[PDB]
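The chain below stands alone and is given in structure tokens; this is the form deposited in one PDB entry.
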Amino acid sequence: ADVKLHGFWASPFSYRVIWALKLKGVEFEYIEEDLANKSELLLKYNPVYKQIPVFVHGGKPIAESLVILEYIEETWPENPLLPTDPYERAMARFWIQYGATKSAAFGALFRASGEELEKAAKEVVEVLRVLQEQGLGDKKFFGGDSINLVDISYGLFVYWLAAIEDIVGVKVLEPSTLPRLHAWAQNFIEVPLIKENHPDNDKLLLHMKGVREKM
């Protein structure tokens, strides 16, 4: 059954799926979607959200990156991206859900006014501290010695932190404040799979700087 991925060049959600497929060694056709003029296939495949990514396997579509990632893990179980033990799997799902819930704080910091900025940055630092202390601990990656679906889901945090630093100017992931999480972020971007698969940084900063003009 052939695999298609409808994505967007600057989307971290589309990149989550690219990472999981490339890790599994699953060949796929990538389809770049124009978000200003959504394709007939995108609207047919994702009527509920009308968003990318849309993963298609054997002509059958799946929307929502977290749902797609679990389908990929179940369909191509070799090179596992989740643990086999139910309790460890529940801890992985717990941290993936925590990230999804707290993702709103990153967008809030990105659009915060000159005054709102201090409180927004404070809330992001506390989210990162809990993630570091209770989620990562002393492990190299959320997945232990190699990346797993938890690391993949936290690519979105790295994407936001780098955009807030380069465009806004506030630093929320500092080595002296969060040494373990900062070491994790550096180690994650150095994983060859990640290094080989990410938006062009200059093009991404420019696009995101322009998107921030919503104020």
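All residue numbers are counted from 1 along the displayed sequence.
The same protein has a further form, the form deposited with a small molecule bound, not shown here; the description that follows concerns it.
When the small molecule is considered in the deposited bound form, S65 lines it closely, a heavy atom lying within 4.5 Å.
The small molecule in the deposited bound form comes within 4.5 Å of no heavy atom belonging to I31. Contact between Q51 and the small molecule in the deposited bound form is found at the 4.5 Å heavy atom cutoff.
None of the heavy atoms of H182 is located within 4.5 Å of the small molecule in the deposited bound form. Comment: 51-59 is the region of 183-191, 161-169, 51-59, 145-153 lying near the small molecule in the deposited bound form, near meaning a non-hydrogen atom within 4.5 Å.
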